[PDB]
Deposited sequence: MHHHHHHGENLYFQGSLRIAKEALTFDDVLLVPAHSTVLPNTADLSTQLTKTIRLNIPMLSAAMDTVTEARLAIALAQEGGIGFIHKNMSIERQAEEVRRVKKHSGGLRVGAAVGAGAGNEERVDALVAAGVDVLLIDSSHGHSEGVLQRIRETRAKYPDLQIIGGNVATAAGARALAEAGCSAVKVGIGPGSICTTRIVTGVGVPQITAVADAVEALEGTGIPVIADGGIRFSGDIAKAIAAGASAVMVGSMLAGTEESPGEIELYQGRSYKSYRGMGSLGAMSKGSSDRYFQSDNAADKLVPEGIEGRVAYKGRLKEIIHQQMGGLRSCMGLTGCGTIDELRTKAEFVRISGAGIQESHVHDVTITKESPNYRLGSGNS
């Protein structure tokens, strides 16, 4: 007899059920509480990846009503500088910045708080690690009002641990990333739809929102992640290759590409075995057109489910479980 805790579902395992609706897709309210104090106009966070979010992308997404997360794969001074560029920009834009859970990050957090960061992201592949929880407790004691997102977890016990450590928001995702090889390398992972619903159920009545991070391929996946209980989603692949993302555009056969790699790739690493792949992603153009298309998809879902707000989608919308023949 094997120690199987439960069956766990991914995005492709389920579909949302259409319901009675007075909701017009164009009248749908996409605003969401990222934390008890931070409200975003769209439920979109950009990944803290060296091929996804630097100041230029963080600015564009904030303009669309989301929030960007400056990656930790640069010097403390260079990151605080990226935070200042987003913060100093006209329009009163909000920004986030990622920090490691390792020793010698107290200095980085200090520089980011001074640079005006709205939300500190304690960025770990294992949020339930005691060293991540200690770092959170240390940051919360020093900065009692700082908005902190901690992750990543994929269990109810993991979400509770982060909430007890002082997290303002909990990030969910162990193995779902499009560039992730954690599942194959370590054998560990939790299918995202179950991971999100478990974390949300654990955090019921706490006012601590859940972020569904990784595995979002289509706008239907955004809707599913929210109906599973996530207040917002974090995307890497969806925003990689856009004009606003870091790095230069490459020309291969005549088609335009941009780099996209996991933060656990050999390339991004330069002592652990890699948990991410390095690849090319087709050039997507301007972030504005991508967000318009993806949010439109979500809007159309809200019309089909009769959910006029993110909160209604999170708590009212129902799913049906489908087979492999259902999927194809």
note = Stretches of deposited sequence not represented by any CA atom are 1 to 15, 286 to 300, 359 to 381
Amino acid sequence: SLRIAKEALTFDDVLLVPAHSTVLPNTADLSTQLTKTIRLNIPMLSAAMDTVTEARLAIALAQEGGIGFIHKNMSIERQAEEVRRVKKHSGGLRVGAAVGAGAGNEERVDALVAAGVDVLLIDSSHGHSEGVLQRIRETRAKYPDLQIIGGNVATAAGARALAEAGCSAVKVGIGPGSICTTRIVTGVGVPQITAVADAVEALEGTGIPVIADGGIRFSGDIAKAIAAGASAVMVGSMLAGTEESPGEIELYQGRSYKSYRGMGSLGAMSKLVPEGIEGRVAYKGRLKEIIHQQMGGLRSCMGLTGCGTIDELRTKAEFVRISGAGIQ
From here on, numbers count along this sequence of modelled residues.
note = With B-factors read from the PDB entry, the higher C-alpha mean of 273 to 281 and 40 to 48 is in 273 to 281
query = So 180 to 188 or 81 to 89, which one's hotter by mean CA B-factor in the entry?
reply = 81 to 89
ask   = Reading the B-factor column of the entry, which of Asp213, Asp221, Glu201, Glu250 has the highest value at its C-alpha atom?
value = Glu250
Candidate residues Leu34, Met295, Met302, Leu266, the one whose C-alpha B factor the record puts highest = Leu266
query = Would the CA B-factor of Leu9 place it in the lowest, middle or highest third of its chain?
reply = lowest
task = Grab the CA temperature factor for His128 from the record and place it in the lowest, middle or highest third of its chain.
result = lowest
query = Lowest, middle or highest third: where is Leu24 by Cα B-factor in its chain?
reply = highest
query = Mind checking which third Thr194 falls in for C-alpha B-factor across the chain?
reply = lowest
key: Among modelled residues of the same chain, the CA temperature factor third for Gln147   = middle
